[PDB]
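Notes for the one structure printed next.
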4 protein chains.
Amino acid sequence: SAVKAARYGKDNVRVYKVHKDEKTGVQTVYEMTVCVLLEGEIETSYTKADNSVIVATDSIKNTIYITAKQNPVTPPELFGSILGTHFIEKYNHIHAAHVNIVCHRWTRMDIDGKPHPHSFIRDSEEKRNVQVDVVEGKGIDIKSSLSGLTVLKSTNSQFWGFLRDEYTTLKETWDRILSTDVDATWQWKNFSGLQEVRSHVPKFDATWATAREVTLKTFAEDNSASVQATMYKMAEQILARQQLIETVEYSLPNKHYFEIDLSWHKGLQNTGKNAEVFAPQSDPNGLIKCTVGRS
Amino acid sequence: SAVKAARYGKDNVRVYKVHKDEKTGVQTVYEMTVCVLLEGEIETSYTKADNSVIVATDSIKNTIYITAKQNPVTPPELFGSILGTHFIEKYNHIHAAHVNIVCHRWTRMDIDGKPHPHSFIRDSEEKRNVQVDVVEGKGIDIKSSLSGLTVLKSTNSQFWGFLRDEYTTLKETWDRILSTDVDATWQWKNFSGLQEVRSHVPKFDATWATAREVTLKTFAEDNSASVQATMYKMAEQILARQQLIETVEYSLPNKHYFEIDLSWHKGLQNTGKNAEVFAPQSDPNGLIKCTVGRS
Amino acid sequence: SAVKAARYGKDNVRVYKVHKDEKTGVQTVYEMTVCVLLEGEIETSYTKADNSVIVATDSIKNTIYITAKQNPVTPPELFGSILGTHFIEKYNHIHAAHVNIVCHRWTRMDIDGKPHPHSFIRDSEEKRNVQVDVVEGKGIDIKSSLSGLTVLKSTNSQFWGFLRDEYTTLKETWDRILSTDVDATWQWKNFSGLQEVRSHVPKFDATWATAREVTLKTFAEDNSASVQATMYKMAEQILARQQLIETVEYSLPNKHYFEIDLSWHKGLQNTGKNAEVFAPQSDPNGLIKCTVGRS
Amino acid sequence: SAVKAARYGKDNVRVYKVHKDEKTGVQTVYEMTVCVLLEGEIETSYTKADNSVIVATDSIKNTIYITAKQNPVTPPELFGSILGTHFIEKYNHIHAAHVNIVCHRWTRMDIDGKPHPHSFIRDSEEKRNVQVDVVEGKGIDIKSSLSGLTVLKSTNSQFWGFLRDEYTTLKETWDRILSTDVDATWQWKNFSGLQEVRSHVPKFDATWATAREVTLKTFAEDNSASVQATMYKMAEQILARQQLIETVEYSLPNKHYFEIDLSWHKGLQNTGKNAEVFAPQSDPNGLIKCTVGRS
Ligand SMILES: O=c1[nH]c(=O)c2[nH]c(=O)[nH]c2[nH]1
Ligand SMILES: O=c1[nH]c(=O)c2[nH]c(=O)[nH]c2[nH]1
Ligand SMILES: O=c1[nH]c(=O)c2[nH]c(=O)[nH]c2[nH]1
Ligand SMILES: O=c1[nH]c(=O)c2[nH]c(=O)[nH]c2[nH]1
Ligand code: NA
Ligand code: NA
Ligand code: NA
Ligand code: NA
């Protein structure tokens, strides 16, 4: 037998960092969950019980904390690039580092219409994520995403005109509920190394903001023909607004809300134009994906 | 043997309702999870396989939907009272109904600074809950709560002056992080029946708003001596502002954030006044509770 | 305002203990999750920011580990009694201790038909739990339970003869699937203190075994008239077999499996006697409870 | 813009099937969760709001149930191949089908040492999974796996001889606890179509059994030098025993159990050879992966 691929590291490393402006007294917090997996000339650890080539995963953990202490942790695209570059530059035999970061929300509280200097609220489970692959001699590949953005619109969603055969029972409709959990990923052009990532630092936060804004506005305003059509509209607008992204990927469940026929009870009308009470379905769910690039 | 207590019903009933203003075109959605358990003269179902006394839990499910169709579902204190009263009035042998409702957030989206007429976002997993007990000949007992409100403050939390013995290793501190998940419950005076609940309907939403506001403001502004002291301050202010509540109950975990000593690495200073990077701890956690009433 | 009730402590304390027989070399492991909440003369911590009366929850955590080091951790009824008694005897002003323990399964592996001396498997998420309340001057109250025991029977479950009115759509049936998650609690007679708990130590493991055996055998062999009737049969047999228990409590969901009508497709027969493929329903679910004591 | 990739379908489709031997009366149940995603000439659904090319995901759901009614659902490698082949043969414009199946455990109960004819227990959350990719003109690719197999050994695990630099604090050890959640995947040689999958049907269950047996025996008996070395041993034995598998992939977390130093309390000895009580750590965790193929 032979080792065809191998990677190892530390997962689920929770990190908090605070910044304190001592001249205004305003504090700012950051909280993330980090995973770092390494690749390189490490097969003998597997095949020959040779631990001399292992950078202990405990040491990987320490390195994450030390790196956070000595460098900015925002935007996460930059922090992940710094972290990954460290491993490939420090260890001769380590040739690739894979960094995943999940950013948790801590939004400043407003007290009596004023932003509070050191108090925060978690306003949703939506996450801002990055995947950074640092590969010796091949630069830095970054994928940015938002996930866990849950939305619903109560009307201005349609689904008709689909294929009908002997497996089909679904009725066509011109007015339904649409709800989803948004997972959206934008893939950056390859960067040659950390200097080039630094040169583009302002683009990371602005592109995340744009992706979020485009997603919400398109969802709210599109008289949707299907999930497929709406998500394509989102992707094409993001691409038009940031030339340094190569592709946009959406993964959207269709979280179904079923009409409930009550006419068996005293002739109650609760379907079609009379539909007021619905049954949210936990499973199954549609799952729709697409990757959009430039022609 | 003998049956000492018994209750049965339907759990995890998901319900959506929409309201449509046809003159402005604005839509408003409500989504909840409902549980209904019944008590009464039903022991023979257990002891004698006598199903004639069982209101099927499937029928309980249908009744929830029909009741939502025919009545307002806000505020949840009212809906739960209506639902519970139905069972005890409709079935001679059913003497108590226990209704629990969890309200999920669907907050209207703002698009380009305007509130959107039919699009919504889940801005956090915080819930608004009610527990309504309807007991024949003893009125309606209501407990209202908010839960899942997650907050953090980065400073202006202290913990010193506690008991020190041979089991104690914890250092005193005058500056720490405080983070918690707020669980807060206010218990209403008993109501004689549904007429009296109706008479107080505006008090339910305003009291929820007050409890939320008092919790956030007290958390943000209190230079906290302990979790115990801060939560008492919250409870006493709520009681002072709504005479119809009898008690306020808080249940707060202390979600610990540990300092990380890095001095072993190149003499790095990351403790005390130099603390910038911390390790959020998933477990264990402190758990602090209290029930406050009027003297 | 006034403090009407208060308790505080440490939750989610994970503990492992190993026992090593150095003469046979066999090792035995135990793993649990522990919560300890205290009550007593502690109101001034809440009302007056007086921390002098607080036994720090960090110290409670240390005490759990020290107690596990110095005493047996099985059966959990004994360990919890020891732990709770410690707090009320050591601290004059602490008058009640509430201990909850969740026991996780580590079952010895059999390798080539031989029990392995130091290797274990988690064979299910079923838990063995205890709730121990130690109250100064009122002894020791213990509730033992098993939870997370998930079972299914494919036939020999019925449900007919229930109440039918204008809210009822459910069809009667003489052959259905029955599946549940068993939650079963037996409440011991009050014990006067730790000496009396020690005197009964062998009864704790045997009574847990009996409760488990009775539950599985009754579920498997009863031609069930309803969940209500089957659970009563379980409870009465447990009571008959351990005189020192006062009550038995069951809480059972009915996890529904729905028939799927396929006759719209090529006349396929998949209902009633022809039912082969079913749709497991995640929600809603029936919930059935009862407490049985002795006449 | 242009669509670079697209797939869509139904997720989280829960399915139960029963088999009844009417001559012995023994029943056998199967329960799974199924996902089916399709690819093909469907871009116009995204770009042009052309729903005529969409096989509705609701119809995909119906097809899963109908297919389960008309065909064996074991072994899952066969069922998934049948299901995927259906879509590419039935729809001219659908060229790839991706089927994922999760098999849930329902193990027959033994009552009084006899296997019960229709009663089952869920003995762990371990799953048996398959991923089947059916691609028009390129056959059938199958990946089989077991996941959620949680084990612990209390000794005969070591970790020393690793790289030590200024990021390293971890002590070497010759005796530690090792615990993991096993995720193991074996990739079958490509099959030309459904006829060839049928010809190998007995190999699927036997290879799953072998992979499970090899994993448990190797874990139990290996005096482990590291997670890396132990997992390689497992992979190489599986490859040696089934010539039709091309690669074996393991993904193993190292779920850490920390020693607790108690010497600060009355000189208690609980480290090294005296270690009896340990602290299970929920996070972070090591993560170790490798893919093994044949030289
Ligand atoms: O937007 C949708 N797309 C689909 O492909 C689909 N299929 C289905 O059943 N409902 C929907 N809705
Ligand atoms: O606010 C707190 N209260 C306590 O009772 C306690 N105990 C502890 O260890 N930390 C804290 N903090
Ligand atoms: O065993 C059952 N008990 C009930 O009370 C009930 N109600 C229902 O709809 N199904 C069942 N089944
Ligand atoms: O088996 C192990 N492998 C590692 O790579 C590692 N790293 C670490 O800190 N502990 C371990 N243990
Ligand atoms: Na390198
Ligand atoms: Na009544
Ligand atoms: Na005492
Ligand atoms: Na095809």
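Naming: A, B, ... by sequence-line order, numbering from 1 per chain.
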Side chain to side chain contact (heavy atoms under 4.5 Å, CB included) between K90(C) and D165(B), intermediate numbers included
CA-CA 11 Å; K90(C) 178 76 187 150; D165(B) 69 4; 4.0 Å; yes
Is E166(B) close to chain C through its backbone or its side chain, or both, or neither, when contacts mean heavy atoms under 4.5 Å?
side chain
Non-hydrogen atoms of chain C under 4.5 Å away: do they reach the side chain of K48(B), the backbone, both or neither?
neither
Is the backbone N or O of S1(B) less than 3.5 Å from a side-chain atom of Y232(C), with the two atoms forming a donor-acceptor pair by type?
yes
Name the region of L37(B), side chain, backbone, both or neither, that has any atom closer than 4.5 Å to a heavy atom of chain C.
side chain
Considering only heavy atoms, which portion of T291(B) lies under 4.5 Å from any heavy atom of chain C: side chain, backbone, both, or neither?
both
Check the surroundings of atom NZ in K69(B): do more than 12 heavy atoms from other residues, nucleotides or ligands lie under 6.0 Å from it?
yes
Between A235(B), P284(B), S251(B), which residue shows the highest count of heavy-atom pairs closer than 4.5 Å to chain C?
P284(B)
Atom of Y46(B), atom of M231(C) and distance for their closest heavy-atom approach:
CE2-SD, 4.0 Å
Check whether the side chains of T169(C) and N62(B) place a donor and an acceptor atom closer than 3.5 Å, and report yes or no.
yes
Please round to the nearest 0.5 Å and tell me the distance separating atom OG of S59(B) and atom CZ of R164(C).
7.5 Å
Measure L239(B) against the heavy atoms of chain C and call it side chain, backbone, both or neither at under 4.5 Å.
side chain
Top contributor to chain B contacts, counting heavy-atom pairs under 4.5 Å, from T47(C), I54(C), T57(C):
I54(C)
Within a reach of under 6.0 Å around CG of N92(B), are more than 12 heavy atoms found that belong to other residues, nucleotides or ligands?
no
So, the part of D58(C) with a heavy atom under 4.5 Å from chain B: the answer is side chain
By a 4.5 Å heavy-atom criterion (distance strictly below it), what part of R7(B) contacts chain C: side chain, backbone, both, or neither?
both
Please flag which part of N285(B) lies under 4.5 Å from any non-hydrogen atom of chain C: side chain, backbone, both or neither.
both
Kindly compute the distance separating CG (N12(C)) from OG (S282(B)), expressed to the nearest 0.5 Å.
10.0 Å
Shortest non-hydrogen contact from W160(C) to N51(B)?
O-ND2, 3.0 Å
Region of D50(B) in contact with chain C, defined by heavy-atom distances below 4.5 Å:
neither
Heavy-atom distances under 4.5 Å only: say whether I288(B) touches chain C with side chain, backbone, both or neither.
both
Which atoms of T247(B) approach chain C - backbone, side chain, both or neither, heavy atom under 4.5 Å
side chain
Give the member of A56(B), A225(B), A240(B), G9(B) that has the highest number of heavy-atom pairs under 4.5 Å with chain C.
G9(B)
Given a strict heavy-atom distance threshold of 4.5 Å, which part of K61(B) is in contact with chain C: side chain, backbone, both, or neither?
side chain
Pairwise distance CG(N254(B)) to OH(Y8(C)) - rounded to 0.5 angstrom
12.5 Å
Look up atom NZ in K4(B) and atom CD in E249(C), then write down how far apart they are to the nearest 0.5 Å.
8.5 Å
Minimal non-hydrogen separation, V3(C) against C290(B), with atom names:
CG1-SG, 3.9 Å
Using non-hydrogen atoms and a 4.5 Å limit, figure out which bit of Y91(B) sits close to chain C: side chain, backbone, both or neither.
side chain
Mind ranking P253(B), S224(B), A49(B), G286(B) by heavy-atom pairs under 4.5 Å with chain C and telling me who comes out on top?
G286(B)
Please name the pair of heavy atoms, one in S52(B) and one in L163(C), separated by the smallest distance, quoted to 0.1 Å.
O-CB, 4.1 Å
